[PDB]
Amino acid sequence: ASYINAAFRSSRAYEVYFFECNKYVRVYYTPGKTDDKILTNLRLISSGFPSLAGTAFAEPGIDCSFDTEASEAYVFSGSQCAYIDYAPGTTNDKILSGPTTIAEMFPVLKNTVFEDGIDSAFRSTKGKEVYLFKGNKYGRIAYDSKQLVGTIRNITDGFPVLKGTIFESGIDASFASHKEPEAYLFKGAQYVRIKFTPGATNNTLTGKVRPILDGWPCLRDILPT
């Protein structure tokens, strides 16, 4: 069974987009409570985002994503990526850059562990940084300069709080919360909420590692796939 393959934080307060294969939902979420609700019922990506129809991002779907600023996000499908405006509340979504390869979008990533795919990503509170995860490795990109910030290390070199959890070996999906500096990390059937600390190993777990459907019961009729 499969769960969440990608996520990103909307410009709209307390909205999140979740991608599952070739489909997605938009959820109005509630930190610390099982009061999340669906705003967009399970829909093909190609329907929600006609700009993506006929691309890898629609079929087989989006396998990594992150929000940047405004109503912009990067989306990924295998080695391909695109910069989009997801234009909430309208039909004005559009591709701003690409589709192209990861290495062409972000030349600093050419020849790195990220060039053939990214597993997960989320927006940092530090500047324009975005966390990138691939296997048990992670780095940070500043989206606006496209600079790799530092080096690509083990997840637990940045996030020792995740030692002894399955997240130490990789993350399937993630997004930054509207409640800063929290983030949600997903791995198969499970998730955890963290408070992250850029440049420090002061990150905390907010609660326990638990099944997604326990914390997000509004998803129980659509997951797993």
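Don't overthink the numbering: it's just position in the shown sequence, from 1.
> Which has the higher mean CA temperature factor in the PDB entry, 55 to 63 or 33 to 41?
Replying inline: Result: 55 to 63.
> For the stretches 148 to 156 and 83 to 91, which has the higher mean C-alpha B-factor as given in the deposited record?
Replying inline: Mean CA B-factor is higher for 83 to 91.
> Out of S11, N203, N22, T206, which shows the largest CA B-factor listed in the entry?
Replying inline: Top of the list by C-alpha B-factor: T206.
> Which is it among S71, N136, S97, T112: the one with the largest CA B-factor in the entry?
Replying inline: Largest recorded C-alpha B-factor: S97.
> Mind checking which third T101 falls in for C-alpha B-factor across the chain?
Replying inline: Its C-alpha B-factor, which the entry lists for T101, ranks in the middle third among residues of this chain.
>> By the recorded C-alpha temperature factor, relative to the other modelled residues in its chain, which third is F175 in?
In response: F175: CA B-factor falls in the lowest third of its chain.
> According to the PDB entry, is the CA B factor of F167 in the bottom, middle or top third of its chain, that is, lowest, middle or highest?
Replying inline: CA B-factor rank for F167: middle third.
> What third of the chain, by the recorded C-alpha B-factor, contains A189?
Replying inline: As the PDB entry reports it, the C-alpha B-factor of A189 lands in the highest third of its chain.
> What third of its chain, lowest, middle or highest, does the C-alpha temperature factor of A6 fall into?
Replying inline: Tercile = lowest for this residue's CA B-factor.
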